[PDB]
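Just the one chain here, the form deposited in one PDB entry, laid out as structure tokens.
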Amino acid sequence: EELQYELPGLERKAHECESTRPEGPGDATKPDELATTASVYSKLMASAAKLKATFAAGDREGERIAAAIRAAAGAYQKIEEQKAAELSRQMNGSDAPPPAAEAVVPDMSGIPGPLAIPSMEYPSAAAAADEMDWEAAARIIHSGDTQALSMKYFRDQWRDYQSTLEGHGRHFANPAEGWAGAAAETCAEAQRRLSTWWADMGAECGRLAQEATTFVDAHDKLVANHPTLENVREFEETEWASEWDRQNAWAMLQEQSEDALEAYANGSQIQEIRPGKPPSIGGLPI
């Protein structure tokens, strides 16, 4: 596979590899102060943080491929000068001895290394959630955002970032024009890895959104089935026929709360998002 290159084509490709990735998802706040809510929330935030840090490592790799491409181009530039010099000495009857042919493996030595992906310890829920009083729980639920709008926006943002990252991957998928040979194939391979990984990162965006969806759906259901703060008022303002009736009411509402919180604990269980690091290009042959 004979070595062919077009130096501007190599620039264009290094340049595409440096394409700015659009700013990612914003942050989010908890819908309420329930222990279950804090637990699921801190998990989703931890996944989001892990993804953002991972994406930053990805960026580093794009820049490394660019630098590798430019190192190649630099090497081909030297080859081009030698060939021209060699052709000149041959044509102007120099008859200096022709220089020895020495292959040159592009110099990678100044290219930045892979980016560290900081360790984040993933939060773990309570083995058995605390029992709660229904008025106390209604208060906690309804003093927050019973619509979990922040979390829902967070969910929307991550979901929609998936297509961004898939799009971003395509900056890498195509090999440079007019480049052929071992290095070109190696680099195309590295690009395919990085390009494919970005698409995987997009899919992880999808997975985080599904996890968030699972959470906000569960929270919606919690708000719907749990006694309301208005139920607290209504319990007081209601003229109860007898005290016995009143106590059965309290019990019923208490069991409503317990059942809703139990369903919330179960239904909002989510799984850790563990994205793999990006591929790191090595160095090109010659």
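One-based numbering along the sequence shown. If you superpose the two forms and keep the largest set of C-alpha atoms that fall within 1.5 Å, you have the rigid core. Residues that one form lacks are left out of the comparison.
**Q** Give the stretch, out of 231-239 and 30-38, with the larger mean C-alpha temperature factor in the deposited entry.
**A** Taking the mean B-factor of the alpha carbons in each, 231-239 is higher.
**Q** Pick between 243-251 and 54-62: the one whose mean CA B-factor in the entry is higher.
**A** On average, C-alpha B-factors are higher across 243-251.
**Q** Go through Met151, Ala188, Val104, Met201 one by one and give the residue whose Cα B-factor in the PDB entry is largest.
**A** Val104 has the highest C-alpha B-factor of those listed.
**Q** With respect to the C-alpha temperature factors reported in the PDB entry, which of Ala128, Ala138, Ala173, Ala212 ranks highest?
**A** Across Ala128, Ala138, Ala173, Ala212, the entry lists the biggest C-alpha B-factor for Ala128.
**Q** C-alpha B factor of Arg193, ranked within the chain: lowest, middle or highest third?
**A** Lowest third, going by the recorded CA B-factors of the chain.
**Q** Would you mind checking where the Cα B-factor of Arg21 ranks among the modelled residues of its chain, as the lowest, middle or highest third?
**A** According to the entry, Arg21 has a C-alpha B-factor in the chain's lowest third.
**Q** For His168, does the deposited CA B-factor place it in the lowest, middle or highest third of the chain?
**A** Lowest third, going by the recorded CA B-factors of the chain.
**Q** Would you mind checking where the Cα B-factor of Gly206 ranks among the modelled residues of its chain, as the lowest, middle or highest third?
**A** Lowest third - that is where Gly206 ends up once the chain's C-alpha B-factors are sorted.
**Q** Among all modelled residues of this chain, ranked by Cα B factor, put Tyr122 in the bottom, middle or top third, i.e. lowest, middle or highest.
**A** Answer is highest: the recorded C-alpha B-factor places it there.
The following text describes the form deposited in another entry, which does not appear among the structures shown.
**Q** Verify the C-alpha shift of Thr238 between the shown form and the other one: is it 2 Å or more after superposing the core?
**A** It does shift by 2 Å or more.
**Q** By the 2 angstroms cut-off, has the C-alpha of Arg170 moved between the shown form and the other one once the rigid core is superposed?
**A** No; that C-alpha moves by less than 2 Å between the shown form and the other one.
**Q** Please list the stretches that shift between the shown form and the other one, defined as three or more consecutive residues with CA displacements of 2 Å or more after core superposition.
**A** After core superposition, the displaced runs are 80-88, 101-105, 238-243.
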